[PDB]
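Peer 1: Handing you a structure now.
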Amino acid sequence: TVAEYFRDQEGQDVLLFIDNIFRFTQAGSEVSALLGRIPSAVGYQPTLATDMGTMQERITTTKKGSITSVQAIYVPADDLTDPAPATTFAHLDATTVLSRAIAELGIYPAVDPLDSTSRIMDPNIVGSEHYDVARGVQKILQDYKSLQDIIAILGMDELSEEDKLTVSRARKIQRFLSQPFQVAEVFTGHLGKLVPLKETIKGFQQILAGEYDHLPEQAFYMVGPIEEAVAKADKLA
Amino acid sequence: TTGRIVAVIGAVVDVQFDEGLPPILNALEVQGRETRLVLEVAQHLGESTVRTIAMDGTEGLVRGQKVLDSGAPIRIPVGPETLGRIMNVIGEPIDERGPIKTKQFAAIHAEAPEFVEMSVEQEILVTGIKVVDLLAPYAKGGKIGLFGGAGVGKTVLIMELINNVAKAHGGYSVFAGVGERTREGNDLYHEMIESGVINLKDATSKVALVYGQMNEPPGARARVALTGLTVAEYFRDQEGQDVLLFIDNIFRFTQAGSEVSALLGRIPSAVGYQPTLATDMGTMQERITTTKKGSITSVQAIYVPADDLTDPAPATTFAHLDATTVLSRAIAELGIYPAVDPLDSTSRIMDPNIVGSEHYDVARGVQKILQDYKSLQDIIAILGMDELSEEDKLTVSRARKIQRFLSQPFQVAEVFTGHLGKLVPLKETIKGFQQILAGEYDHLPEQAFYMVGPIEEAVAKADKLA
Amino acid sequence: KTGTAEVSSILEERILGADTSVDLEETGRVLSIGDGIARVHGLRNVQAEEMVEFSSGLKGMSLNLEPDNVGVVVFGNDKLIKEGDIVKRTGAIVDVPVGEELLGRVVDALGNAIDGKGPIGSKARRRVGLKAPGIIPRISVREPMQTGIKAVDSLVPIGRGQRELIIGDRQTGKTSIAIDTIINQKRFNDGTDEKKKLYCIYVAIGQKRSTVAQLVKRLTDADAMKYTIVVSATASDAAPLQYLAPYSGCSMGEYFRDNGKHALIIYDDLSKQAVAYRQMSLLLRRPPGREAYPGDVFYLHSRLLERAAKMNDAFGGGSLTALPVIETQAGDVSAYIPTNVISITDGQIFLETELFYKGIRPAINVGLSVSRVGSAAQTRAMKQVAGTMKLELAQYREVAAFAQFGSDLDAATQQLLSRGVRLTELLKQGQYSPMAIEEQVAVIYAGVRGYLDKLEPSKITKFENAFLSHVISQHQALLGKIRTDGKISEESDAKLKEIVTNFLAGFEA
Amino acid sequence: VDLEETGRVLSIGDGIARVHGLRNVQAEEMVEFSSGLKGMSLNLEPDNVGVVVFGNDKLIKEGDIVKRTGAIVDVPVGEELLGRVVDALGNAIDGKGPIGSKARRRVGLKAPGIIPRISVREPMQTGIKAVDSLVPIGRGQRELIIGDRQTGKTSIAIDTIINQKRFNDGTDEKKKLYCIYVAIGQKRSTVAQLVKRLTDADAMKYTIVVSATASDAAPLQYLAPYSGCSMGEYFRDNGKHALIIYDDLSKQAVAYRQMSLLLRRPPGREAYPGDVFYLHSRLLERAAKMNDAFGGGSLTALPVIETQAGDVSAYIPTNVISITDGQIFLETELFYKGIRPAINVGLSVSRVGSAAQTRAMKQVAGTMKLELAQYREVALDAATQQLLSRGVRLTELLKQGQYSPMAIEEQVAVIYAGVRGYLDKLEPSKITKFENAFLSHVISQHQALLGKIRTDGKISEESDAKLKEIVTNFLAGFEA
Amino acid sequence: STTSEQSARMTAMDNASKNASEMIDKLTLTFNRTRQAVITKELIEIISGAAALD
């Protein structure tokens, strides 16, 4: 209700942080029983969809401003078939699925890359340089997963070699996404390094170009733009 | 007060009590009831109605009947004359050797000592089973939870333990066959009598038998448990006597409870499991311990519902444990008797202190070996195995050997096994493993360790293999 | 309230003071009927557990004596009943007619000979409301009972009074097995083996009539039917009826037991019952629990099953031996009802399809097949060879485990396999294979002394028949003797052996 | 006659007294029964009062008069529970007669405000290297102790508690942490030993033990934490630092659900009622690290969760998880191996642990943590073999069994050694041995240094050179 | 050697699959069960394990 004021009235491009809608929904669900109502499967509140719907639809970009909605969604057991997230997606425009695995892979940004998506992306919209780089990236990495399966047989420095190159690249790529945090001296120690966009697209595009195919692999970890990663290799040796 | 059976809907007998009522728990005797059909008021169902539990059969009963409150809960004979008696829940000799004329009767709700009132300290008893002592040493008052399959020799094992212990330990016993297999009580009977653990020449024994067989109404089966419980406190405090309390099966108790809960038109929780699952236990378990006046050591059989332990019931169980022997079916299946799980056949109360620090360390090392070894199992399972590295392979073997060595023959089931049972002195055990830890049984194969007593005999056995 | 009784024929007179009806205490008017649970209004003085009779000739039982009405389990179908209907007590709970004039019958469990004799009804009835004997009443299962199935009789040798689970899948010869036994009991029953005057009770739970029909036909054929009740609750049934059937049998069999005779009940199967009953409960609303089953499905059964026993002397020492059946699905055992049953049953008989595909009918998982009972269930005859054999097989199997890198690793193990295999050949049995112990031990003997181990596996069987026909022919003497001495006597053995060696020589050559 | 403040026990389930009347009772009033029991008129039904009975009856028979006490519950709170075992009513099952706590405070009071609250910056330590190191921890903080059974778990809490001995018995005003052990559903025995243990260990003088043993009636067992909570706030808000160890909430929940169900107030997921996150949430939100107004005080929450087979996906665990500021996950295999710590480190978590602890440790620990990662990771290379060597050394080094707490400085010292690979020049068994000797060596000698290191709050470079030298001397000089 | 090895590689690769084959089978049970366990469990919740009996 407040934000709608600003949006329409104050025009504002609202950034709306919600942490977490999940708790709302959950709150709804909690009551559901006690509202006498049936809850739902997965415990929910039967009305969940509208609850959401009305809400999600409550907010938008009119031609009376925009509420840009940064909505934290706790995802229990990161289980997303977990009806709530399952629904959520419809109301999402860009889905950011943060991957605990990746987090575990030490990465910060710890994201789930392939599931942090926007159905939106396009070689038009984002330009193909963007798009394509991404599709290539998305591709290779998923394929790399296929390769993990190989590696399980074949080992830390033994495979089929082109494929090895790409593996290694994937290993760089991974690292290249890793990015410091100014806030988090506590998580990073580092201080944030921001990458202005082109430098990113290029960043990977270049990696894709394999221009560092002789550069160290984790000379990509916790960086800002790609140069600095190159720089970083030197800093080692 | 007198009540009228207003509903018998199954053995939930709703009696509306009409000369008032006493409080809950008060035991009612149904009037017109053939035998003494005690209904225990369970709830004041309200409106001077109680939900009560029949523990007898209700067949043929004219409803509308008249129940006369026995005015208190159920009291049952207490005093030593109960040792060498098979009592049913309601006292009543199902030894059927005629009465158990006791001087004391007791209402089966016995209580728990306040903190100050209970010896706040533990002991270390031991058992003579390698596997046990080593991994779960003993103590007194301690309730051990024993998992696995009756007559794998789960049940047998219990007996064997009794077999050495009651005799050896003076401090009395209670055996609670909750939903007991009547037959198993019979045989056992001829045996006990015979055995002179049960003495009939002297009504007493060293041990009182409580059987509350399966065919009893659940209420009875559920309640036979408190009954026994009441007794041991009698023995402890009153008789000094340090009961070993065999519960077979507390789960069967429980089952009777849950089943009951349901019928009690309550909400018996997840899986149907009684709301009160815990409270029944808590209240009960705390009626067990080493008080100052003795110890009621529980040997608690828990047969595993649908064989799962993540099952809340066992979850609960755990809270009260002192030692747990979780038999592994896998192990049992691996043709290992004892059937042990070597990962929660435990005592927290194994400490370098409680047992030898060595004992403990050796154990930790062992515990380790097994623990690591298991890790390999998965891998091995997938992948064949041999390139892990040999030391591990050694551990593996050792572990297996250890496994086999933990397999410890049993005389009582020599009949089956042809294996002469072995109850093992502590040293042989410690040593046993130490030797194995020293990995000396090089050449010597796995099966050279199967079903022996002291470790030498295994060494010997390898030789016998040769 | 319960809009029932707010029936304004019901209400409509209590109001008036114009009431007085059916009895509403010894008879009731069906408040509603649906669900086979005839809420029958009234029924107050109503006996508990009482069989009532409906105004349909259908029987019902007064399960829940509710203060208003009775949840009445219907012994029929309520397409054959309707609302309001007067249910008059029968006053009495269930007893089932019990006696002996059932041996030779296929009845419905309502004791009406669906065979087509109609009830050759027992004068007496005996309570299904009857319960298990006491500890003291029992004196141990020791009396064997041997099926004429070598494998069984040896390895999970069978006592009496017992309760042993028959477990196995979709007519994996399961029934075939049951028959071979039944036929086998014939000789004892054709003996006047009063110890083994084993009255067979076939509780058919849920079997569609045709399934029964071959089977019964088979029993007829085995003429074993003569000492046999076939308690029959077919697929066409109301559920309680299938449910009831064991209990019915239960009244009946304990009578033999208690009259010194030996009763055998085959419950085939409680799996269906359990379902049915659970369902029944559930239909009654009446709980479920684990696997949707009410918890007292255990009680139900437990209570049911304690009633099978091997008695003490008071009971003529007799038995009611239970061979319960559960038909497995994929050996599902934490399968609650299996879990239960296992803890109850005093060993269990595993059947395995593979073995079946192997032709090995019977299909047994021996390793698991266990007689918790074990030694008590035997005879020395068997004990003497079977002891070693069982053991030898144990090893064989262990080594059937260990048979695939070459088993020619050590001689023993190759051997164990060869030997084992020989024995394996022996333990497969045809369909319709009752057997006599002396042959069985004979045949075993041959193998455990390895003579057959000096023979090609195919010919083992071949021998076996031949050997049988041979010994039957000549060494009838000996067969008499093994039976006589009750064991393999060392002499009988020497003659036997001698026979074997010669016979073997004749068989092989 | 009050059927509007008093009631007649209409029906009593056996713990839920449906009480006819009571009306005028205010919601969530403690009532008192004519069985002498307490109750809470929890459920104000439009007819009768679901009164959760705070007692055990067969004393109640229907019609029993249920009397208002006329009070919404408060509990005695204070600071004199230190050296006391209590039950939630404020009675003291210690049998030390009754407590010294005397001010009473609603357990129903809620979560501090942001400004009242003041972020952690305040260390928190256990004498357990791994913990203090690998969890960087402050006070105020929720950290879940999660694990199945004292498997040292319970030990874990103890070593910490014991550790506080040096501090509370030190004049570490700031590290004067009132320990609140809410013992929820614990066998009396367990407690007995424990009680004894702690007593023997005497942390107990600066310690509340709220003891709701296994038997104890469920709402009570349930209540005990809230009680404890009120009491701990008592310190918190009063500048001081209380540590409540909620031990364990699994059992509380259970009880609670059960309670609900008996109130026929519905279940929820896993048959557990819907508020149950909330349950704790509100509870734990009442825990805080305060601002200055509260003397800066804190109530550090070490809630405990007992998992069932490490299953945490489990609604309630997830619940809890989503609240806590991390967890101490314990893994059996290592325990079982004898490795105490037994932890699954990965699973033990501090989202942002480091913002309320200590440079000393930090200086060695960050880097170390990482090395261990690397060491761990790799399921030969001299490096890796090294990491392994190190790692294993360090394993010993973080290995302090059950019954082993410490002053920090001792810990940093030994850690330092290990991080200098000094230890890698030793057989792993002898790390432990060495460590013992070494420790008594520095204790002896370089108590000087340790005193200082403790003093600098950090490790000085200078100290390092002395230390290096020390260590080396001991090292070398007892390397055999 | 190499012939041996390669032929051995088949062998190794067999071996693996024998193991596999079984497991695969077994898991499939584990499956049903966890499924059913599930299904059922909900069906409970469903069967007024969240309904009438909320």
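Chain labels run A, B, ... following the order of the structure tokens; each chain numbers its residues from 1, and ligands are numbered from 1 in the order shown.
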Could you tell me, as a ChimeraX atom specification, which residues of range 100-234 of chain C DSSP assigns to strand (DSSP E or B) when given the backbone?
Peer 2: /C:105-108,112,124-127,138,163,165-168,198-205,228-233
Peer 1: May I have the residues within 12 Å of residue 214 in chain A as number ranges by chain, using only C-alpha atoms and disregarding those fewer than 2 positions away in the same chain?
Peer 2: A: 165, 168-169, 172, 207, 210-212, 216-219, 230, 233
Peer 1: Determine, for each residue of chain B having at least one atom at most 6 Å from an atom of chain C, the closest pair of atoms and their separation in Å to one decimal, counting only C-alpha atoms; order by chain and ascending number, as CSV.
Peer 2:
```
residue,atom,partner,partner_atom,distance
B:6,CA,C:67,CA,5.2
B:7,CA,C:66,CA,4.6
B:8,CA,C:65,CA,5.1
B:9,CA,C:64,CA,4.1
B:10,CA,C:64,CA,5.9
B:59,CA,C:49,CA,4.8
B:60,CA,C:48,CA,4.2
B:61,CA,C:48,CA,4.2
B:62,CA,C:47,CA,4.1
B:63,CA,C:45,CA,4.9
B:64,CA,C:44,CA,6.0
B:182,CA,C:135,CA,5.3
B:186,CA,C:135,CA,4.7
B:214,CA,C:302,CA,5.6
B:215,CA,C:303,CA,3.7
B:259,CA,C:295,CA,5.2
B:271,CA,C:290,CA,5.5
B:272,CA,C:289,CA,4.5
B:306,CA,C:334,CA,4.2
B:307,CA,C:334,CA,5.4
```
Peer 1: Those residues you just picked out, can you put them in a file as a PDB file, in the first residue's frame with N, CA, C and O atoms?
Peer 2:
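Below is the file selection10.pdb, written as the result:
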```pdb
ATOM      1  N   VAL B   6     -22.831 -47.157  29.197  1.00  0.00           N
ATOM      2  CA  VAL B   6     -23.674 -46.458  28.330  1.00  0.00           C
ATOM      3  C   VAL B   6     -23.226 -46.720  26.959  1.00  0.00           C
ATOM      4  O   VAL B   6     -24.015 -46.695  26.024  1.00  0.00           O
ATOM      5  N   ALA B   7     -21.940 -47.020  26.796  1.00  0.00           N
ATOM      6  CA  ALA B   7     -21.468 -47.365  25.511  1.00  0.00           C
ATOM      7  C   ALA B   7     -20.354 -48.253  25.760  1.00  0.00           C
ATOM      8  O   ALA B   7     -19.521 -47.999  26.611  1.00  0.00           O
ATOM      9  N   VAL B   8     -20.249 -49.252  24.903  1.00  0.00           N
ATOM     10  CA  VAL B   8     -19.126 -50.106  24.866  1.00  0.00           C
ATOM     11  C   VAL B   8     -19.005 -49.896  23.454  1.00  0.00           C
ATOM     12  O   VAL B   8     -19.868 -50.266  22.688  1.00  0.00           O
ATOM     13  N   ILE B   9     -17.941 -49.312  23.007  1.00  0.00           N
ATOM     14  CA  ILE B   9     -17.812 -49.202  21.620  1.00  0.00           C
ATOM     15  C   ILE B   9     -16.468 -49.642  21.680  1.00  0.00           C
ATOM     16  O   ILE B   9     -15.609 -48.997  22.276  1.00  0.00           O
ATOM     17  N   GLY B  10     -16.350 -50.910  21.263  1.00  0.00           N
ATOM     18  CA  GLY B  10     -15.221 -51.721  21.556  1.00  0.00           C
ATOM     19  C   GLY B  10     -15.002 -51.669  23.032  1.00  0.00           C
ATOM     20  O   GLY B  10     -15.912 -51.431  23.816  1.00  0.00           O
ATOM     21  N   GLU B  59     -17.254 -59.410  25.235  1.00  0.00           N
ATOM     22  CA  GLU B  59     -18.171 -60.278  24.582  1.00  0.00           C
ATOM     23  C   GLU B  59     -19.259 -60.737  25.423  1.00  0.00           C
ATOM     24  O   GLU B  59     -19.105 -61.097  26.581  1.00  0.00           O
ATOM     25  N   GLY B  60     -20.427 -60.666  24.813  1.00  0.00           N
ATOM     26  CA  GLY B  60     -21.624 -61.080  25.410  1.00  0.00           C
ATOM     27  C   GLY B  60     -22.156 -60.092  26.370  1.00  0.00           C
ATOM     28  O   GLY B  60     -23.037 -60.440  27.134  1.00  0.00           O
ATOM     29  N   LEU B  61     -21.619 -58.870  26.469  1.00  0.00           N
ATOM     30  CA  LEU B  61     -22.073 -57.977  27.503  1.00  0.00           C
ATOM     31  C   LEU B  61     -23.262 -57.126  27.154  1.00  0.00           C
ATOM     32  O   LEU B  61     -23.237 -56.240  26.308  1.00  0.00           O
ATOM     33  N   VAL B  62     -24.332 -57.310  27.948  1.00  0.00           N
ATOM     34  CA  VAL B  62     -25.525 -56.517  27.961  1.00  0.00           C
ATOM     35  C   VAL B  62     -25.156 -55.121  28.202  1.00  0.00           C
ATOM     36  O   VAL B  62     -24.509 -54.800  29.187  1.00  0.00           O
ATOM     37  N   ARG B  63     -25.522 -54.225  27.294  1.00  0.00           N
ATOM     38  CA  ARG B  63     -25.133 -52.891  27.558  1.00  0.00           C
ATOM     39  C   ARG B  63     -26.163 -52.291  28.394  1.00  0.00           C
ATOM     40  O   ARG B  63     -27.226 -52.862  28.605  1.00  0.00           O
ATOM     41  N   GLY B  64     -25.822 -51.134  28.956  1.00  0.00           N
ATOM     42  CA  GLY B  64     -26.658 -50.525  29.928  1.00  0.00           C
ATOM     43  C   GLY B  64     -26.214 -50.988  31.261  1.00  0.00           C
ATOM     44  O   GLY B  64     -26.681 -50.451  32.251  1.00  0.00           O
ATOM     45  N   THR B 182       2.761 -66.269  24.431  1.00  0.00           N
ATOM     46  CA  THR B 182       2.362 -67.111  25.506  1.00  0.00           C
ATOM     47  C   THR B 182       3.150 -68.356  25.545  1.00  0.00           C
ATOM     48  O   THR B 182       3.709 -68.730  26.568  1.00  0.00           O
ATOM     49  N   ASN B 186       5.662 -70.260  27.951  1.00  0.00           N
ATOM     50  CA  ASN B 186       5.514 -71.595  28.406  1.00  0.00           C
ATOM     51  C   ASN B 186       6.752 -72.364  28.441  1.00  0.00           C
ATOM     52  O   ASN B 186       7.076 -73.003  29.425  1.00  0.00           O
ATOM     53  N   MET B 214      -0.234 -61.392  24.108  1.00  0.00           N
ATOM     54  CA  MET B 214      -0.772 -60.683  22.987  1.00  0.00           C
ATOM     55  C   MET B 214      -2.244 -60.722  22.893  1.00  0.00           C
ATOM     56  O   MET B 214      -2.911 -59.803  22.440  1.00  0.00           O
ATOM     57  N   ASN B 215      -2.777 -61.889  23.191  1.00  0.00           N
ATOM     58  CA  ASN B 215      -4.175 -62.101  23.184  1.00  0.00           C
ATOM     59  C   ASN B 215      -4.925 -61.303  24.210  1.00  0.00           C
ATOM     60  O   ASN B 215      -6.145 -61.249  24.130  1.00  0.00           O
ATOM     61  N   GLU B 259      -3.088 -47.760  20.098  1.00  0.00           N
ATOM     62  CA  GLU B 259      -4.236 -48.422  19.587  1.00  0.00           C
ATOM     63  C   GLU B 259      -5.342 -47.925  20.401  1.00  0.00           C
ATOM     64  O   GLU B 259      -6.386 -47.486  19.929  1.00  0.00           O
ATOM     65  N   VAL B 271       1.543 -41.041  12.166  1.00  0.00           N
ATOM     66  CA  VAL B 271       1.483 -42.457  11.980  1.00  0.00           C
ATOM     67  C   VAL B 271       0.470 -43.109  12.845  1.00  0.00           C
ATOM     68  O   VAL B 271       0.448 -44.317  13.034  1.00  0.00           O
ATOM     69  N   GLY B 272      -0.441 -42.320  13.414  1.00  0.00           N
ATOM     70  CA  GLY B 272      -1.418 -42.911  14.245  1.00  0.00           C
ATOM     71  C   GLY B 272      -0.879 -42.863  15.607  1.00  0.00           C
ATOM     72  O   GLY B 272      -1.565 -43.257  16.520  1.00  0.00           O
ATOM     73  N   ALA B 306       7.517 -51.572  11.816  1.00  0.00           N
ATOM     74  CA  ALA B 306       7.752 -51.506  10.396  1.00  0.00           C
ATOM     75  C   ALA B 306       9.198 -51.375  10.194  1.00  0.00           C
ATOM     76  O   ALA B 306       9.687 -50.959   9.163  1.00  0.00           O
ATOM     77  N   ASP B 307       9.917 -51.846  11.186  1.00  0.00           N
ATOM     78  CA  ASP B 307      11.302 -51.807  11.351  1.00  0.00           C
ATOM     79  C   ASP B 307      12.007 -50.505  11.158  1.00  0.00           C
ATOM     80  O   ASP B 307      13.147 -50.488  10.730  1.00  0.00           O
TER      81      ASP B 307
END
```
Peer 1: Which residues of chain D have any atom within 9 Å of an atom in chain A when counting only C-alpha atoms, and what is the closest pair of atoms for each, with the distance in Å to one decimal? Order the rows by chain and rising number and write it as CSV.
Peer 2:
```
residue,atom,partner,partner_atom,distance
D:265,CA,A:34,CA,8.0
D:266,CA,A:33,CA,7.0
D:267,CA,A:33,CA,8.7
D:268,CA,A:43,CA,6.6
D:269,CA,A:43,CA,5.8
D:273,CA,A:30,CA,8.1
D:274,CA,A:30,CA,4.7
D:275,CA,A:30,CA,6.3
D:312,CA,A:77,CA,8.7
D:313,CA,A:77,CA,5.7
D:314,CA,A:77,CA,8.9
D:315,CA,A:76,CA,8.5
D:318,CA,A:76,CA,7.0
D:319,CA,A:76,CA,8.9
D:322,CA,A:74,CA,8.5
D:346,CA,A:104,CA,8.2
D:351,CA,A:187,CA,7.8
D:352,CA,A:186,CA,5.6
D:353,CA,A:186,CA,7.0
D:354,CA,A:186,CA,5.2
D:355,CA,A:186,CA,6.6
```
Peer 1: Got a sec to pull out which chain E residues are within 9 Å of chain B, counting only C-alpha atoms, and send them as a list in words?
Peer 2: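 Residues of chain E within 9 Å of chain B, counting only C-alpha atoms: residues 12, 15, 16, 17, 19, 20, 23, 41, 44, 49 and 53 of chain E.
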Peer 1: I'd like the contact shell of residue 240 in chain D - 7 Å cut-off, only C-alpha atoms, skipping same-chain residues fewer than 2 positions apart - returned as a PyMOL selection string.
Peer 2: chain D and resi 235-238+242+295+297-298
Peer 1: Using N, CA, C and O atoms, can you export the residues from the last selection as an mmCIF file, in the first residue's frame?
Peer 2:
```cif
data_model
loop_
_atom_site.group_PDB
_atom_site.id
_atom_site.type_symbol
_atom_site.label_atom_id
_atom_site.label_comp_id
_atom_site.auth_asym_id
_atom_site.auth_seq_id
_atom_site.Cartn_x
_atom_site.Cartn_y
_atom_site.Cartn_z
ATOM 1 N N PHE D 235 19.059 -11.105 33.014
ATOM 2 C CA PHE D 235 20.395 -10.633 32.817
ATOM 3 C C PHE D 235 20.607 -9.710 31.714
ATOM 4 O O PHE D 235 21.486 -8.879 31.788
ATOM 5 N N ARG D 236 19.966 -9.967 30.585
ATOM 6 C CA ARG D 236 20.307 -9.310 29.380
ATOM 7 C C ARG D 236 20.137 -7.872 29.470
ATOM 8 O O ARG D 236 20.944 -7.057 29.066
ATOM 9 N N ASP D 237 18.971 -7.552 29.952
ATOM 10 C CA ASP D 237 18.464 -6.241 29.994
ATOM 11 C C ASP D 237 19.058 -5.465 31.061
ATOM 12 O O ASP D 237 18.873 -4.268 31.207
ATOM 13 N N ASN D 238 19.718 -6.237 31.887
ATOM 14 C CA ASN D 238 20.421 -5.911 33.051
ATOM 15 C C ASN D 238 21.842 -6.063 32.678
ATOM 16 O O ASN D 238 22.680 -6.349 33.511
ATOM 17 N N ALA D 242 23.584 -13.522 29.350
ATOM 18 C CA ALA D 242 23.080 -14.751 29.775
ATOM 19 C C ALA D 242 23.194 -15.466 28.504
ATOM 20 O O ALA D 242 23.349 -14.908 27.428
ATOM 21 N N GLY D 295 22.435 -2.319 29.289
ATOM 22 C CA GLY D 295 23.797 -2.409 29.663
ATOM 23 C C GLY D 295 24.552 -3.041 28.565
ATOM 24 O O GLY D 295 25.603 -3.620 28.786
ATOM 25 N N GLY D 297 23.653 -5.590 27.302
ATOM 26 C CA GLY D 297 23.620 -6.980 27.637
ATOM 27 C C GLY D 297 23.129 -7.865 26.593
ATOM 28 O O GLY D 297 22.848 -7.460 25.483
ATOM 29 N N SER D 298 23.130 -9.154 26.883
ATOM 30 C CA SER D 298 22.841 -10.084 25.858
ATOM 31 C C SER D 298 22.227 -11.234 26.513
ATOM 32 O O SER D 298 22.335 -11.461 27.711
#
```
